[PDB]
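Right, one structure below, let's go through it.
Computed from the coordinates by the stated procedures, all read-outs in this text should not be read as laboratory data. A quick note on method: Cβ atoms are made from the backbone with ideal geometry, for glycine too, and the neighbour counts reach across all protein chains shown.
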Amino acid sequence: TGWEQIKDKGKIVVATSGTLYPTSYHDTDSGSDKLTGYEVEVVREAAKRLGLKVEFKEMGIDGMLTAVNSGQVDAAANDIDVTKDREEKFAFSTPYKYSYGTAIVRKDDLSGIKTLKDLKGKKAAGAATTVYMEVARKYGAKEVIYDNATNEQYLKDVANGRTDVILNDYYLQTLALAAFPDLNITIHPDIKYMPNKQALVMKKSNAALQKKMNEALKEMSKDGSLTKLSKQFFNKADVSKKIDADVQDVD
């Protein structure tokens, strides 16, 4: 534990899942299977700025925070939201990603949806146990149960009229549109909910490491490195800066 200890070894141990495209995943398209992604690269470069090598320990989100407290790892980078509750238990770096949830509906009629309230009675699809599906339920949407579908399948069913809406992170959905620009789908222009931001998580007592990481992140923020990495993984979008938008809070 400790920044002087990390500095001495010359390596920082960081936990991540590798199952969250495009922020932490493996590059299978190239055949390298290299752990990469927006957040992974941000940490890698930040550590480099600090003369350090990174040792990424892949593990499930569960027990990850426990590994940080136990000292098993020096930090955890896995799209973890900054929340007041977590801030009393851990030390976060400055945020390097800001986002909010949105909805993908049909391009031709927006699936008859104008506001979140119109989700009532609509067929909502996507991951079963996420805060996104919870949002849909709160508004009375019918949850669609899929056996084992793909992203392309989910999107086509919306376009086809088999389903009506998909609730997910804004940036993840912009990639959906970019991937299938000819499909009858689009991100609803007025629905924005649950703003959120992600940062590096470390033991709250590790104030020295926290300050050093922020120092490198700030340097990256000022020279365009963050924006550069963002555009690479989020199809030219820059997720490192907060979007001045009318975002609705949800219970």
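Structure notes:
- Each residue of segment 18-27 was assigned a 3J(HN,Hα) from its phi angle through the Karplus expression (A = 6.51, B = -1.76, C = 1.60, θ = phi - 60°), giving x, 10, 10, 5, x, 9, 7, 7, 10, 6 Hz with x at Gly and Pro.
- Candidates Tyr171, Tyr98, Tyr146: whichever shows maximal mean-square fluctuation once the chain is modelled as a Gaussian network with Cα springs under 10 Å: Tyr146
- Shown in residue order for segment 42-49 are the 3J(HN,Hα) couplings computed by the Karplus curve 6.51 cos²θ - 1.76 cosθ + 1.60 at θ = phi - 60°: 4, 5, 3, 5, 4, 4, 4, 4 Hz (x for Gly and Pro).
- FRET efficiency, 1/(1 + (r/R0)^6) with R0 25 Å, evaluated for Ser221 and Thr1 via beta carbons: 0.40
- Derived scalar couplings between HN and Hα for segment 177-190 equal 4, 4, 6, 10, x, 9, 7, 7, 9, 6, 8, 4, x, 10 Hz in order, rounded to whole Hz, by the Karplus curve 6.51 cos²θ - 1.76 cosθ + 1.60 (θ = phi - 60°), x for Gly and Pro.
- Spacing of the two label points (7 Å from each Cα toward its C-beta) at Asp62 and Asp109, in nm: 4.2 nm
- Result for the chain in a Gaussian network model with C-alpha springs under 10 Å: among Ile61, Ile185, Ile145, the largest mean-square fluctuation is at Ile145.
- Between segment 140-159 and segment 173-250, the Cα center-to-center distance that results, in Å: 25 Å
- Angle of helix 207-223 to the longest C-alpha principal axis of the chain, folded into 0 to 90 degrees and rounded to 10: 60°.
- Amide H contacts of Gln248 (H built 1.01 Å from N, under 5 Å, at least 5 apart or other chain): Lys192, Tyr193, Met194
- Between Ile243 and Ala127, the simple spin-label model (points 7 angstrom out along Cα→Cβ) gives 1.8 nm.
- Across segment 68-202, the relative contact order, built from alpha-carbon pairs under 8 Å that are at least six residues apart, equals 46 percent.
- Those residues of segment 5-25 whose amide nitrogen sits under 13 Å from the label point placed on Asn151, 7 Å along Cα→Cβ: 19-25
- In this structure, the amide hydrogen of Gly18, modeled 1.01 Å from its nitrogen in the peptide plane, lies closer than 5 angstrom to no residue at least 5 positions away or on a different chain.
- Isotropic mean projected area of the C-alpha convex hull, segment 118-251 (nm²): 10.4 nm²
- Estimated inter-spin distance, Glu55 and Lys11, nm [label 7 Å along Cα→Cβ]: 0.4 nm
- Most mobile listed residue (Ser230, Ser30, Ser99) in the chain, GNM with C-alpha springs under 10 Å: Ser30
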